[PDB]
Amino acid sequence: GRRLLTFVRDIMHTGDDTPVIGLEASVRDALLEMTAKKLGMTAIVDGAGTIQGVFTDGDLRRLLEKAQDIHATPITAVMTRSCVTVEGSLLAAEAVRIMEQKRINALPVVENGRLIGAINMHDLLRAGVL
């Protein structure tokens, strides 16, 4: 039988492994954070830790189609504000459906708007999860 139920909070990246920058960050800051946390994206939060947006590798491509010399560009000018988030109590099986339906690759995990971690497609494809 199915051994145990897997929720997003069980396999999300948390603490210092969460990719996160503030509203004052630049695109350069975003790149460095994206690279460091290995999820292909970063969240952006306000001073209270509330999620304000995300910026993905795909977002970078789209930016580079319209701008050059982007290292000092404020993250707020280029991020996705109406981003998709999930609660930690979501089933992993539910999350994978959301990635498919919304055509995205990673999810910030939140509680009351407050960022608590992140997952991506590869977390959901781990052995035994689905």
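Position 1 is the first residue in the sequence shown; the rest follow in order.
Of the two segments examined, 38 to 46 and 56 to 64, it is 38 to 46 that shows the higher average Cα temperature factor in the deposited entry.
Looking at mean Cα B-factors across 82 to 90 and 29 to 37, the upper value is held by 82 to 90. Annotation for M121: CA B-factor lies in the middle third of the chain's modelled residues. In the PDB entry, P19 places in the middle third of its chain by CA B-factor. Among all modelled residues in this chain, the alpha-carbon of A106 has a temperature factor (C-alpha) in the lowest third.
Annotation for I98: C-alpha temperature factor in the middle third relative to the rest of the modelled chain, per the entry. In the PDB entry, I75 places in the lowest third of its chain by CA B-factor.
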